[PDB]
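The block underneath contains the structure these notes are about, expressed in structure tokens.
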Amino acid sequence: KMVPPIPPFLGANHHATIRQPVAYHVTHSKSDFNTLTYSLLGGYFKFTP
Amino acid sequence: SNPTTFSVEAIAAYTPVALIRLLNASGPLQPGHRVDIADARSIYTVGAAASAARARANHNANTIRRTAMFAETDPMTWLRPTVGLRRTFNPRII
Amino acid sequence: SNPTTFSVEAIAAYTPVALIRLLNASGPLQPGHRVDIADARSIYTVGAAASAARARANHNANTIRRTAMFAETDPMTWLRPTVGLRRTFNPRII
Amino acid sequence: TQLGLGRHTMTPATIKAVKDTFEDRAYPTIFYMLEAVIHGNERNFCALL
């Protein structure tokens with residue numbers, strides 16, 4: 001109930017692409033259903049230089 | 001059915017009680033006689049439930065046999081998973 | 001079909017399995033005997049599918065044969081384009 | 001009010017219906033009898049669907 005069970009044969013959190021803060025964003029934001037989708041897309045932008 | 005013989009209430013009365021839709025209680029009573037009674041009450045309902053379950057008797061040419069309702073063994077389960085009915089249909093078979 | 005003799009489950013069992021709408025499985029078993037078993041499972045499945053494809057048998061007097069589905073050759077295609085039926089109609093021929 | 005900012009709220013239709021059925025005084029006793037007899041058994045409920 002407090003830790004998301006993701007098995008180590010399917011990639012762990014600190015090595016995967018989508019991590020815990022995006023999940024915490026999607027489960028604890030109550031704004032709308034359109035601006036939530038656009039905010040989630042605003043999440044998915046690389047931080048490469 | 002004989003000899004006890006009929007429930008007139010009285011006290012005994014006779015535990016089956018194989019009548020259908022009896023308006024015998026009201027009916028006359030009229031009223032019950034001068035006996036102490038304790039059961040009376042229990043043996044009446046035990047007989048009444050039997051005289052509805054046995055009063056079913058027919059209507060089974062209209063069923064549509066009862067089933068497992070939920071999911072349970074069904075002692076094989078190794079080549080066919082089990083699912084029961086939700087009894088929402090009309091059992092009449094015509 | 002004969003002589004093998006009839007699937008009594010057991011694990012032999014007999015590979016087709018040429019029955020229709022069987023209330024044989026559930027049904028009594030009750031349960032399976034003292035054997036080794038693993039398969040069973042596959043031999044039952046390939047037999048059951050074949051005993052439904054054969055259990056079609058009729059209903060092809062109601063077809064309305066299957067068609068080209070999608071757009072594909074149709075070994076000329078040099079005097080006529082090819083377009084298949086998207087099956088949303090009711091095939092019954094009556 | 002402070003706790004319930006973005007959390008789930010009930011539509012006014014079900015609020016009106018539920019308030020009417022707690023404020024109904026002509027509620028039949030058949031419902032009380034059936035609720036007292038089947039008494040929260042899944043086998044008893046699903047046999048009387």
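Here, A, B, ... name the chains of the structure tokens in the order displayed, residue numbers run from 1 inside each chain, and ligands are numbered from 1 in the same displayed order.
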
Once you count only C-alpha atoms, which residues of chain B turn out to be within 7 Å of chain C? Could you give them as an MDAnalysis selection string? chainID B and resid 75:76 79

So which residues touch residue 89 of chain B within 12 Å, counting only C-alpha atoms, skipping near sequence neighbours fewer than 4 positions away, as a PDB file with C-alpha atoms, in the first residue's frame?
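The new file around.pdb reads:
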ATOM      1  CA  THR B  63     -37.762 -25.535 -14.063  1.00  0.00           C
ATOM      2  CA  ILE B  64     -34.768 -25.094 -15.252  1.00  0.00           C
ATOM      3  CA  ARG B  66     -30.903 -24.963  -9.895  1.00  0.00           C
ATOM      4  CA  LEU B  85     -25.465 -18.318 -13.010  1.00  0.00           C
ATOM      5  CA  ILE B  93     -39.502 -23.649 -20.142  1.00  0.00           C
TER       6      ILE B  93
ATOM      7  CA  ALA D  47     -30.658 -16.656  -4.577  1.00  0.00           C
ATOM      8  CA  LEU D  48     -33.224 -13.825  -4.579  1.00  0.00           C
ATOM      9  CA  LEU D  49     -31.972 -11.752  -7.511  1.00  0.00           C
TER      10      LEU D  49
END

Write out as a VMD selection string which residues come within 12 Å of residue 92 of chain B when counting only C-alpha atoms, dropping same-chain ones fewer than 2 positions away. chain B and resid 59 to 65 89 to 90 94

Could you list, as number ranges by chain, the residues of chain D having an atom within 10 Å of chain A when counting only C-alpha atoms? D: 5-8

Residues from the last selection, N, CA, C and O atoms, saved as an mmCIF file, in the first residue's frame:
data_model
loop_
_atom_site.group_PDB
_atom_site.id
_atom_site.type_symbol
_atom_site.label_atom_id
_atom_site.label_comp_id
_atom_site.auth_asym_id
_atom_site.auth_seq_id
_atom_site.Cartn_x
_atom_site.Cartn_y
_atom_site.Cartn_z
ATOM 1 N N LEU D 5 -11.615 19.898 -1.555
ATOM 2 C CA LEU D 5 -11.455 20.820 -2.676
ATOM 3 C C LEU D 5 -11.648 20.123 -4.015
ATOM 4 O O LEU D 5 -12.593 20.418 -4.753
ATOM 5 N N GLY D 6 -10.762 19.192 -4.344
ATOM 6 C CA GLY D 6 -10.829 18.478 -5.597
ATOM 7 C C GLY D 6 -11.339 17.065 -5.476
ATOM 8 O O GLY D 6 -11.426 16.363 -6.490
ATOM 9 N N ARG D 7 -11.686 16.627 -4.274
ATOM 10 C CA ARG D 7 -12.110 15.260 -4.058
ATOM 11 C C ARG D 7 -13.526 15.060 -4.587
ATOM 12 O O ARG D 7 -14.233 16.013 -4.924
ATOM 13 N N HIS D 8 -13.931 13.794 -4.667
ATOM 14 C CA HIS D 8 -15.163 13.428 -5.356
ATOM 15 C C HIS D 8 -16.391 13.924 -4.606
ATOM 16 O O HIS D 8 -16.513 13.751 -3.392
#

Please, which residues of segment 48-83 of chain B, numbered as in this document, come out helix (DSSP H, G or I) from DSSP, as number ranges by chain? B: 48-56

Residue selection dump (N, CA, C and O atoms) as a JSON list (two decimals), in the first residue's frame:
[["chain", "number", "residue", "atom", "x", "y", "z"],
["B", 48, "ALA", "N", -44.97, -25.84, 8.45],
["B", 48, "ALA", "CA", -45.43, -24.92, 7.42],
["B", 48, "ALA", "C", -44.40, -24.77, 6.30],
["B", 48, "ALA", "O", -44.77, -24.70, 5.13],
["B", 49, "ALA", "N", -43.12, -24.72, 6.67],
["B", 49, "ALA", "CA", -42.06, -24.65, 5.66],
["B", 49, "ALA", "C", -42.01, -25.93, 4.83],
["B", 49, "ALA", "O", -41.79, -25.89, 3.62],
["B", 50, "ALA", "N", -42.21, -27.08, 5.48],
["B", 50, "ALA", "CA", -42.32, -28.34, 4.77],
["B", 50, "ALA", "C", -43.54, -28.37, 3.86],
["B", 50, "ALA", "O", -43.44, -28.84, 2.73],
["B", 51, "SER", "N", -44.67, -27.84, 4.32],
["B", 51, "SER", "CA", -45.89, -27.77, 3.52],
["B", 51, "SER", "C", -45.88, -26.60, 2.54],
["B", 51, "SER", "O", -46.95, -26.18, 2.10],
["B", 52, "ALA", "N", -44.72, -26.02, 2.27],
["B", 52, "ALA", "CA", -44.50, -25.18, 1.10],
["B", 52, "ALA", "C", -43.43, -25.78, 0.20],
["B", 52, "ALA", "O", -43.55, -25.73, -1.02],
["B", 53, "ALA", "N", -42.38, -26.36, 0.80],
["B", 53, "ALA", "CA", -41.37, -27.06, 0.01],
["B", 53, "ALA", "C", -41.93, -28.32, -0.63],
["B", 53, "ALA", "O", -41.63, -28.60, -1.80],
["B", 54, "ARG", "N", -42.73, -29.09, 0.10],
["B", 54, "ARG", "CA", -43.44, -30.21, -0.49],
["B", 54, "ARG", "C", -44.65, -29.75, -1.29],
["B", 54, "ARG", "O", -45.07, -30.45, -2.22],
["B", 55, "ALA", "N", -45.21, -28.58, -0.96],
["B", 55, "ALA", "CA", -46.28, -28.03, -1.77],
["B", 55, "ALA", "C", -45.78, -27.48, -3.10],
["B", 55, "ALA", "O", -46.59, -27.15, -3.97],
["B", 56, "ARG", "N", -44.46, -27.33, -3.24],
["B", 56, "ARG", "CA", -43.88, -27.07, -4.55],
["B", 56, "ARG", "C", -44.22, -28.24, -5.46],
["B", 56, "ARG", "O", -45.05, -28.08, -6.35]]

Output as a PyMOL selection string the set of chain B residues within 9 Å of chain D, with distances taken over only C-alpha atoms. chain B and resi 69-70+86-88

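Take atom CA of residue 16 of chain C and atom CA of residue 47 of chain C: the distance between them is 4.9 Å.
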
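Residues in contact range of residue 71 of chain B, defined as at most 10 Å between only C-alpha atoms, with sequence neighbours fewer than 6 positions away removed, read residues 81, 82, 83, 84 and 85 of chain B.
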